[PDB]
Amino acid sequence: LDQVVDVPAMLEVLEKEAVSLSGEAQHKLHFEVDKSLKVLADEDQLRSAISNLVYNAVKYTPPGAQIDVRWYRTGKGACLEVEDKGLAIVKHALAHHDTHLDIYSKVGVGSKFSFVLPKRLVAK
C-alpha cells in the first residue's frame, strides 16, 4: 500500500541481472511484459519475490534452456509468471500482499511459477 511500484522498470533491470547470472550458459530469457501494468506494493518485498523466481529458474534449468517471464492483466489482478521447458522469501513477500505462490508442473513438459496480486493493488 501507499506506493506505486514500476514492475516494468523492475523487470527490465531483472532481465539484465538474469542474463548476467546466466553468463556463458546463455539461457534464452524471454520477457512478455505489459508495460502499462504497475501495482501498489512494498517495493523491497515485491522485487525480492519476482527476482528470486527468475534467479531460481536460471539456476535450475540447463544451459540454453528457454525461460518465459510474463507480466499481464487477468480479471483477478496482476499476474507474474515464470515458465521453463530459495522460495521462503517469495512466500512471505506475497503473503504480505494477500497472495500465494502457485506452482504448476506437467512432468516431462515443464513448470510454471506464478502469482496473481489482488485487483485492489492494480494501479491506473
Side-chain angles (χ1 to χ4, degrees), residues 4-15 17-124:
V4 176
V5 184
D6 193 343
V7 180
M10 174 172 297
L11 285 170
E12 173 186 327
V13 174
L14 183 39
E15 193 173 14
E17 272 170 34
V19 201
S20 165
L21 175 79
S22 176
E24 290 302 300
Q26 283 184 358
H27 286 84
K28 315 162 177 42
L29 298 150
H30 185 224
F31 281 66
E32 271 137 10
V33 178
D34 179 3
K35 325 265 198 312
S36 74
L37 177 56
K38 320 197 185 162
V39 291
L40 281 193
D42 184 278
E43 199 245 29
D44 182 38
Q45 283 172 334
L46 184 63
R47 191 187 58 231
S48 305
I50 304 180
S51 302
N52 283 53
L53 292 178
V54 173
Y55 308 143
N56 268 25
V58 170
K59 296 170 170 161
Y60 294 88
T61 57
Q66 216 183 312
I67 295 189
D68 284 342
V69 183
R70 311 185 190 100
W71 174 245
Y72 64 96
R73 306 171 182 263
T74 88
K76 274 166 325 173
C79 178
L80 194 273
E81 301 179 335
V82 183
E83 182 174 18
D84 66 26
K85 277 74 181 174
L87 303 182
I89 292 205
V90 184
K91 165 199 232 193
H92 288 95
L94 294 177
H96 279 124
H97 301 72
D98 209 25
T99 185
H100 294 94
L101 175 64
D102 296 316
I103 313 170
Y104 171 63
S105 298
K106 195 175 260 319
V107 175
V109 182
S111 288
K112 175 166 64 163
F113 287 71
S114 70
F115 63 83
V116 183
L117 297 166
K119 170 134 163 123
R120 65 178 175 277
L121 304 186
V122 176
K124 190 126 172 323

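One is the number of the first residue; the rest follow in order along the sequence.
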Minimum heavy-atom separation for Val5 and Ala41, please, with both atom names. CG2-O, 3.2 Å

Should we count NZ of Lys85 as having more than 12 external heavy atoms under 6.0 Å? yes

Sorted by chain and number, sequence neighbours left out, side-chain hydrogen bond (donor to acceptor under 3.5 Å, both in side chains) with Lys106 holds for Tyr104

Under 4.5 Å between side-chain heavy atoms, hopping through other hydrophobics if needed: is there a path connecting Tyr72 to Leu117? no

Taking side chain as C-beta onward, heavy atoms only, is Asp68 less than 4.5 Å from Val82? no

Identify whether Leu87 and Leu14 are in the same connected component of the hydrophobic contact network (ILVMFWY, side-chain heavy atoms under 4.5 Å). yes

Is it the case that more than 12 heavy atoms not belonging to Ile103 sit under 6.0 Å from its CD1 atom? yes

Starting at CZ of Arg70, measure out to OG of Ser114 and round the result to the nearest 0.5 Å. 10.0 Å

Sorted by chain and residue number, the salt bridge (charged side-chain N to carboxylate O under 4.0 Å, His left out) partners of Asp102 (sequence neighbours excluded) come out as none

Contact summary for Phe31 and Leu11, nearest pair of heavy atoms: CE2-O, 3.6 Å

Any donor-acceptor N/O pair, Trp71 side chain to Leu37 backbone, under 3.5 Å: yes

For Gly110, does its backbone N or O pair with a side-chain atom of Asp84 as donor and acceptor, under 3.5 Å? no

Examine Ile50 and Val116 and state if one hydrophobic cluster contains both, with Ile, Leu, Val, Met, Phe, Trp and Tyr joined whenever side-chain heavy atoms are less than 4.5 Å apart. no

Can we say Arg120 and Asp98 salt-bridge, meaning some charged N sits less than 4.0 Å from an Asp/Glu carboxylate O? yes

Could you tell me whether the side chain of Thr61 and the main chain of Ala57 form a donor-acceptor pair under 3.5 Å? yes

Can you pull the salt bridge (charged side-chain N to carboxylate O under 4.0 Å, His left out) pairs that have at least one residue in residues 46-57, sequence neighbours excluded? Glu43-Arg47, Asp44-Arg47

Can you check whether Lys38 reaches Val7 side chain to side chain, under 4.5 Å on heavy atoms? no

Shortest non-hydrogen separation from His97 to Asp42 and the atoms involved: NE2-N, 3.0 Å

Between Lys28 and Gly64, what is the shortest heavy-atom contact and its length? NZ-O, 2.7 Å

Specify the closest pair of heavy atoms between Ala123 and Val4, including all atoms of both residues, with the distance to one decimal. CB-CG1, 4.2 Å

Could you walk me through whether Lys112 and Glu83 pass the salt bridge (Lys or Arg N to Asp or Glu O under 4.0 Å) test, one step at a time? CA-CA 4 Å; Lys112 175 166 64 163; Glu83 182 174 18; 5.6 Å; no

Within the side chain of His27, is there an N or O that forms a donor-acceptor pair under 3.5 Å with the backbone of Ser22? no

How close do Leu53 and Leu80 get, heavy atom to heavy atom, and via which atoms? CD1-CD1, 4.2 Å

